[PDB]
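Protein chains get the first letters and strands the later ones, always in sequence-line order, with residue 1 at the start of each. Only this structure's heavy atoms are used, side chains among them; waters, hydrogens and symmetry mates stay out.
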Amino acid sequence: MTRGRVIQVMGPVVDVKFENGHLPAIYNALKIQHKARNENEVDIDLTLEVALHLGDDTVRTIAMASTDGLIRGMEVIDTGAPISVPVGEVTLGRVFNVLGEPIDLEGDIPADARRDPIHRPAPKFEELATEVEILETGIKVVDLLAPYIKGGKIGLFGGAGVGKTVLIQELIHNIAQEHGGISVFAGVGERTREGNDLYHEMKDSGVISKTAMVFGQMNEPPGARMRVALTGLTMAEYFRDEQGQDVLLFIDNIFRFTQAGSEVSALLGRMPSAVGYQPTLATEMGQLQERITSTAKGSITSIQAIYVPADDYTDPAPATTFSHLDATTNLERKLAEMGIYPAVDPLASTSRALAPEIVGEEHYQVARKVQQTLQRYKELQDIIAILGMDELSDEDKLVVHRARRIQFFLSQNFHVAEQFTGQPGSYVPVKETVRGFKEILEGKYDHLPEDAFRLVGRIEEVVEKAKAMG
Amino acid sequence: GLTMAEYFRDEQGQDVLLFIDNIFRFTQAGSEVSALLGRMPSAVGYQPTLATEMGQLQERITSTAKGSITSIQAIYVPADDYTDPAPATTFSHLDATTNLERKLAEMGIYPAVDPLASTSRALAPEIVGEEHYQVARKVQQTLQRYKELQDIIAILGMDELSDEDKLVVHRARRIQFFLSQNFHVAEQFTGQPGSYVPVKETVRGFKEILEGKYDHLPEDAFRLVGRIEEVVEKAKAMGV
Amino acid sequence: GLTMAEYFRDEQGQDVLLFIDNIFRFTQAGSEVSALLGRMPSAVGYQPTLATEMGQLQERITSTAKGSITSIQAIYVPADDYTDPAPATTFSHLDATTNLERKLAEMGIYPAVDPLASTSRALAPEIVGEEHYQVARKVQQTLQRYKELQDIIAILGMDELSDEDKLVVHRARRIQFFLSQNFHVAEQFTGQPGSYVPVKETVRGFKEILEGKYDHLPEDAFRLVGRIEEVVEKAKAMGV
Amino acid sequence: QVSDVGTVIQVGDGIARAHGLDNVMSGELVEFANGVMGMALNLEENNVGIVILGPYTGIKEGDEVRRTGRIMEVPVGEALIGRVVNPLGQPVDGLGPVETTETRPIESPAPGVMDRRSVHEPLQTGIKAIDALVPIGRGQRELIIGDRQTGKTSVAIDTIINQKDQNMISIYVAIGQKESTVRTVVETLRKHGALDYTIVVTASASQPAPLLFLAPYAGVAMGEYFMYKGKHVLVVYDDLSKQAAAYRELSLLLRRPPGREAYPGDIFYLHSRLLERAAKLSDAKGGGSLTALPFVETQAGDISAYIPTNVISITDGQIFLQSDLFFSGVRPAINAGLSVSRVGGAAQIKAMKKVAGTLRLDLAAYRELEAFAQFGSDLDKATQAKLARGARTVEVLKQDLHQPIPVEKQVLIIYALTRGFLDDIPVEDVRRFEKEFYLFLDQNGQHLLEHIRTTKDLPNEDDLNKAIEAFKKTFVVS
Amino acid sequence: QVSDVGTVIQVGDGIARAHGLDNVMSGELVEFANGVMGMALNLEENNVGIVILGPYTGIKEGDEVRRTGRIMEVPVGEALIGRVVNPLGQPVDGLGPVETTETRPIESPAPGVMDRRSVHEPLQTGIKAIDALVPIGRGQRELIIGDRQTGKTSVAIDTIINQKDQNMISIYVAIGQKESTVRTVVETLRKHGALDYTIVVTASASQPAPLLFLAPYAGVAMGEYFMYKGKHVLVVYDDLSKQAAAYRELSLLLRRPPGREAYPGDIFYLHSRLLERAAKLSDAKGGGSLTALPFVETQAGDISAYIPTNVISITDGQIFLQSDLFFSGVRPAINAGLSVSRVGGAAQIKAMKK
Amino acid sequence: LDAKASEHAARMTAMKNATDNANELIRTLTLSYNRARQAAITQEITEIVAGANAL
Ligand SMILES: Nc1ncnc2c1ncn2[C@@H]1O[C@H](COP(=O)(O)OP(=O)(O)OP(=O)(O)O)[C@@H](O)[C@H]1O
Ligand SMILES: Nc1ncnc2c1ncn2[C@@H]1O[C@H](COP(=O)(O)OP(=O)(O)OP(=O)(O)O)[C@@H](O)[C@H]1O
Ligand SMILES: [Mg+2]
Ligand SMILES: [Mg+2]
């Protein structure tokens, strides 16, 4: 027996009564499909997720869509499993909602396709990789000053016009090209206009065929906005586990995931925690983040955009989120205006991977020297503005000369920018990046004009560009 | 009281003056009985129906085609917090507003009206006149500029200001003192009889102060006087 | 413990010293229990009966005609918040209080007693003496004046102070350091043995400091010494 | 006895609880014995929680309540143009019936991801600061936020008035305001001629809380009728904060669990549902669009409050108004540094785009150097050109009440400012210079104005320079 | 028969309510039908409140609950050395079962006033700054406090590694950390050979809140087994702030009224009960000792917060690690101004102190 | 001339120090403000829930 009946409706919260001894389990999915029996009814197609067992054979659920038109007593069907979404090759190039139904107009997935449960325990202790491994992205600034970790979490900070979408597309392209890994984009709390724009941008760039997109739109209920991240993660885990790939997972804004959790907790009536957040804030964040790991046969690495409430980094949501991060990438509007199109702040961005134990002694030393030079150049700005370049000492002039060239060499020509600029993109290995920056620091190219460093790949292209100019 | 006034507004077409001693107590009494009535508390301990209860009373106090009611209401602000829900909700029901600050009251300025926070729908060029509008806006601009200078004055002293800022401070202090007045009903507090000032007189006096006709007068001569000639008489008595 | 002390107070007429290690833990345990007893929580989660329980414990600790009990109680302040209900309600039960401050403790000043917040009923000219009272009041006055300048020194230092305020700071820093002392018990943390200072010596030393006798000594020579002669001795031992 | 009837158990504070009504739907309308409508929101195990859409003083325990079998819906049609109406579609202007032959449900799904199109058409507000620095496109959601008495209503009224010669239908929704204030707003719109294309929806402070809760949904439902017909609609919500307060009152009276600031858990879901129905449709279903301008009132400038954070998260851009700027003389009082629009240049014509970048750079440079203004009195260095340019920019961005400027004239004045033609005019004369320049344009630059209107691009640089110099040699410095 | 068998009535958020179990003891273990363990928390008149020590997804209303007859316990013994286990003592390293033969209660009274002795033996951490400025004695409780990314884990790992040639059993308790970080820590310990005398107890961030609640007590019970046998044990709690957060979650789910920063009233008792079990036993009791190094993570270096002040008022001193000093290149970033060892000096060797 | 140069150098140094001190004070004040804000929100939400479940 799997038939229940609605007994209470209070907004997005629905109570369902089942036959004794046949209650559905927690996190199970319930389906309501109703056809209007007469003119005083409406059609219903709704999904519910079990949250609590209230006793007396009743279950409290949260709705995945609007509950308007529900009537007490209508039939509810228990599916016997959590929400299940299609996985595999079929999901590449498609757009889904939280339930795994295609949102685009390309047609629906056949019913015989494999579907995996959304809720599952994290990988066990002995299934994890024992050593830390660098993920090579092919982007000079990221690979030098803030290396990525296979299976790590990276926080992404920035505004609107700083090229976040372009950076995401370039990461997808480079990973697919050089490591053979797919990407998954999880739009938690996505605005519909921006989602349409992002879909069209990805289709224009051509990275759409290597990525699967899941959108949880803002006008959807808190349960859906809470479970979108998990359905995207489930989609990525198939490629980690079955195909043994290295997969990228993008989360549109994880603060919205925490806020949806808070809203669901308030709806269910639990006592609020410190700043009004749910009591289970850390547990929910852990259950999400602990599944993004590196195993013996693959890894999932995650880039997450983070919103900080009231610019308070001590706020509980950012504080819990930062407890899982391994790196940080900052996008700077000042660099964007100056024309550094990767726009990554070289001094604000940090990474725990930048340590000689795992990245290498030469890499570490070159990175520290670059950061020191740019910090000194940052300090000299006020005196340069006041007294001019000529009033500086000779070693300060040398520092400025090196620093401007380093700053320009941190830029790069992206593959996804070819459709606009006409210039082919480049993939630069970290060894080439380190060697080029070492040569610039040693003064091997002090005589070249600074514009030769603008948008190139390896260091030899700087020489070629200078020769082409004259 | 409101129904007593409404009778005269409707049945006789009379002009009615309605004074309410403190309208905050209505909301306060509602909040006192809300919990015993059995309603869940709202944000700052008020009843859930605060806005609706306020509106059902306030919307009756109005002018109609049959007659006009002009009403003056005193509104208490709990703990001097103007963001408190009761005054915040009350703000939307008024055409003209007077804000009193104990920051000014502590300084000896009465009636202690905040010259910036106070607003009125009648302050338009086509209602009060172009000269009145310009004088009022210039006074507000001068006082707003003076407000910003205090933070840096308290740290770096008056000597580091520019000559324009020094003149701004010099005139703003005199304007702020001249906004004071001696009331008839405040003899028990001030020791002197009150004054009545026509609007033309006050406009002309503030225009002269802005133009600088009285820069040489001591700033204490501007306290609690009335017309501009009384400032001159007070300073003459002080021996200037 | 109080029951054991009351016997000696009453049945034998003895004088009793009663030391309580931390009286805040008593109310903390009461608050832990009160939730499970079914009581509605008070302001900061404390028990609704916080004041009555504290009063019933404290009112028994008293001196009578039969005998006297003098009690010294340590009171914990949670999160350094002196407005917390448990520390706040215990103030009314005390004849003398000493308030310790983490700010003073971090600057190396021990026992880190706040000289302005600490109070006593015994500070009166007819109890301690006229010159004692005058010296204490003048010390407190100088410390208050020094406290009022802390923002100015924090931003821009002592360079823009007037001559009077410079002398105020000069005296106040030395007074604040001379309020420190080396304890007998603290000889385990550092090798310096402790000192016992009579009240006559304390009064004379602070009077001499106020009179300006030791303005030429370095301010580091006033730290953790005891009698005023030791300040001179250690200033001589260091460079002077 | 039947499942279509019920009896009242409890009445009070504008809600009622009824026994029976077994087949009632969530959100259905119900009718009381005395004829007052209600809305079923709480379906519990043995009772139904009903919010009352009228005077509840006539309802007693034991009264009969009946099903209607219908979801909430409002009349929609072209007959609503020029009328002022309540959220139920009943006129309040006293001008007779409405004569509408069609209805549309209050709750409706928003357009999907694949049904939309990128925003590419400017919505001309007539305010120089908004049109230059924070552009608004058709189909965009732009938030207007600030404290009380900062000019929020004036901005909306000017924007509505500016739509006279454009194919735009305006809807003004007043929530929780005085009926006298609404009357004054309607009078100003009538005086300026905006009632030929404007619908006014009102839910004053004396009305029951569910009407204030439902008013913006009625407005957007009326707008969607025109949007799906291929037309362009502008909707203004005047107090989303008051709408949220009304919903909080209803939720607390129905004993739903409270959250931060006693708001229910779905208060964000409410506003996201409302604001996601504004969209720019694709060509496959007409190029119709609906653009929304919600209002949020802050307390002491705290934009970190719960409702302001929700709406800022939802919308595509924000316009901030500040009282210190208001009292400094900055007349529209818009903080251009804080304000942002994510549509950006996509909502601007070429002529405006070619000058807006220079305007923004000059303004930012001035704001960065504002602290040096006192030390320029002795001419310490040559950066004082930036200070002079910033002062003239601030003078240019000021504007008077109910006087929107055409986009071509805005483009020309900003061009004159950014090309240095105002560098020798004293800052005290810039306003009069702009006024006389507009008059001179109307007299002689009709070819330039027509060129801009037809091609959406700047005229020839030499012709512009000649015209500007010709006016400049006739302007007289005061 | 409802004496030894019960029936589940309510389930939600990791807590359950059961009917029956007439003879159940307070604090007893109970076993659900699917094998998940639980603890009897409240014995009400008609029902039993049970905290679920595992995944609660498979527990449903109407399921059977049965008694175990044992107060909450963990296995102890030498067979636990070199293994990685959960707070219940179940291995997670995949090296097979654990052959312990005896258990200890997870809640045990602390040694009395007359059972203790003054700390007089040095504990050499091998870190120059600590061993010079803030010495640690055997039987001491020293707090290590600082912001995230400051080196607390590195300090603990170095201390554990240095105990190789010293008679010292080490127990590392990780509360709320990442499983990857725990794996890497175990790998470094294996490489340096510390697993010959180290026990690891883990409860990662994905685990339910009751396990994070219970992990420090399981660790301290495992240490007490050796301490009461005459040996010296070192115990490290990697975050007590995570445990405090987990207990706050459980208390709020039980609808207990919160206080300062939404923490319950007994948040101080939670930590004091745990840390009072570390002691230096007297000669009559056998001379064993247990040393505790709890960790507390601050926000923006605020030492005046609720949990930091609670822990400071319990331990015998603290070592403050400073974030900006850490960034400046001084990786063992000790702030000598705030760091102090109250019962140090007495344990420091004569050559070092002079 | 020497005195004028000394005066300008002294002003530059003093204002640099004052700016640094002001920045540090701003940082500490912002930390205290954020702590107070969080504590407030906690207090109102706890009072709301206590009143709600008191019924
Ligand atoms: N550009 C302007 N020039 C001159 N006066 C203006 C301008 N904008 C607004 N005002 C005036 O400032 C006042 C602000 O009124 P307005 O209704 O526009 O503000 P609001 O922010 O909507 O405030 P409220 O809280 O009263 O609804 C009015 O007296 C209005 O006439
Ligand atoms: N003495 C040291 N010398 C060099 N590097 C060090 C030293 N101590 C720590 N580190 C490095 O600095 C970083 C600090 O991380 P660690 O885990 O030790 O700190 P933590 O405070 O426990 O962090 P978290 O709370 O994030 O787990 C690591 O990358 C570590 O390798
Ligand atoms: Mg308005
Ligand atoms: Mg760590």
Side-chain angles (χ1 to χ4, degrees), chain A residues 20-28 51-60 82 119 121-132 149 151-152 268 270-283 285-291 293-294 313-314 319-320 322-324 326 350 352, chain E residues 8-14 16-17 55-63 84 86 91-95 148-149 176-180 182-184 186-187 190 202 204-209 212 239 242 245-246 248-258 261-263 297 299-300 302 327 329:
Chain A
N20 192 92
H22 299 292
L23 277 296
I26 305 294
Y27 297 146
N28 267 21
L52 306 163
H53 283 195
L54 301 170
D56 200 29
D57 316 311
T58 61
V59 167
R60 179 151 288 159
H119 293 279
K124 306 197 306 288
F125 176 87
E126 75 266 35
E127 302 172 349
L128 304 174
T130 63
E131 84 289 357
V132 183
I149 292 306
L268 292 174
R270 303 192 287 230
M271 279 193 154
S273 195
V275 190
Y277 295 103
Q278 65 270 37
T280 48
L281 172 67
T283 302
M285 182 60 63
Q287 284 177 355
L288 169 63
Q289 298 277 26
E290 287 297 272
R291 283 163 67 182
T293 47
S294 188
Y313 285 71
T314 303
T320 307
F322 297 155
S323 194
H324 296 95
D326 303 282
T350 64
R352 65 181 294 275
Chain E
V8 179
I9 296 318
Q10 302 189 319
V11 181
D13 302 329
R17 201 164 288 200
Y56 59 91
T57 288
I59 296 162
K60 295 150 65 174
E61 175 189 349
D63 284 353
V84 189
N86 70 350
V92 302
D93 45 24
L95 303 179
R148 61 176 289 276
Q149 294 288 288
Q177 309 304 306
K178 296 195 289 289
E179 281 276 15
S180 57
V182 181
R183 187 78 153 157
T184 52
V186 169
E187 274 299 304
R190 172 173 282 123
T202 175
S204 57
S206 58
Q207 302 305 316
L212 279 76
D239 290 330
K242 301 281 152 59
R248 176 179 64 188
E249 171 181 328
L250 180 68
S251 300
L252 288 171
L253 290 171
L254 291 163
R255 303 200 71 86
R256 297 172 178 172
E261 297 185 46
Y263 283 104
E297 184 191 319
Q299 297 293 332
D302 188 19
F327 286 128

Which one, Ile26(A), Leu268(A), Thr130(A), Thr314(A), leads in non-hydrogen pairs under 4.5 Å with chain E?
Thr130(A)
Region of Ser251(E) in contact with chain A, defined by heavy-atom distances below 4.5 Å:
neither
Taking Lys178(E), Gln149(E), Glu187(E) one by one, which has the highest count of heavy-atom pairs under 4.5 Å against chain A?
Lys178(E)
Starting at CD of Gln289(A), measure out to OG of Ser206(E) and round the result to the nearest 0.5 Å.
11.5 Å
Between CD on residue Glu126(A) and CZ on residue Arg183(E), distance to nearest 0.5 Å:
7.0 Å
Structural part of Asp56(A) lying under 4.5 Å from a heavy atom of chain E:
backbone
Name the member of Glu61(E), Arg255(E), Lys242(E) that forms the most heavy-atom pairs with chain A at distances under 4.5 Å.
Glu61(E)
Could you walk me through whether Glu179(E) and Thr293(A) pass side chain to side chain contact (heavy atoms under 4.5 Å, CB included), step by step?
CA-CA 9 Å; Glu179(E) 281 276 15; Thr293(A) 47; over 6 Å; no
Does the side chain to side chain contact (heavy atoms under 4.5 Å, CB included) test come out yes or no for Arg270(A) and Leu252(E), once each step is laid out?
CA-CA 8 Å; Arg270(A) 303 192 287 230; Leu252(E) 288 171; over 6 Å; no
Checking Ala122(A) against chain E: side chain, backbone, both or neither under 4.5 Å from a heavy atom?
side chain
Does the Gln10(E) side chain pair with the main chain of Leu54(A), one donor and one acceptor, at a distance under 3.5 Å?
yes
Can you tell which part of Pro272(A) gets under 4.5 Å to a heavy atom of chain E, answering side chain, backbone, both or neither?
backbone
Please determine, among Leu281(A), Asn20(A), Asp57(A), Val132(A), the option with the most heavy-atom pairs under 4.5 Å with chain E.
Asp57(A)
Considering all heavy atoms, the nearest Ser204(E)-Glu290(A) contact
CB-OE1, 4.0 Å
Structural part of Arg248(E) lying under 4.5 Å from a heavy atom of chain A:
side chain
Portion of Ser294(A) that has a non-hydrogen atom of chain E nearer than 4.5 angstrom:
neither
Roughly how far, to the nearest 0.5 Å, is NE2 of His53(A) from CG of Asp63(E)?
9.0 Å
Between chain A and each of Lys60(E), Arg17(E), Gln299(E), count heavy-atom pairs under 4.5 Å; write down the option with the most.
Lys60(E)
Chain A contact via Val8(E) - which portion, at a heavy-atom distance below 4.5 Å
neither
Which portion of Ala25(A) sits near chain E, non-hydrogen atoms under 4.5 angstrom:
both
Please report the closest heavy-atom contact between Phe125(A) and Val182(E), naming both atoms and the distance.
CE1-CG1, 4.1 Å
To the nearest 0.5 Å, what is the distance between CG (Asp326(A)) and OG (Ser180(E))?
7.0 Å
Just verifying a value: how many Å separate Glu249(E) CD and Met271(A) CE, rounded to the nearest 0.5 Å?
14.5 Å
Side chain / backbone / both / neither for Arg190(E) at chain A, heavy atoms under 4.5 Å
neither
Are there over 12 heavy-atom neighbours, none belonging to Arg352(A), within less than 6.0 Å of that residue's CZ?
no
If you define the side chain from C-beta out and look only at heavy atoms, does anything of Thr57(E) sit under 4.5 Å from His119(A)?
no
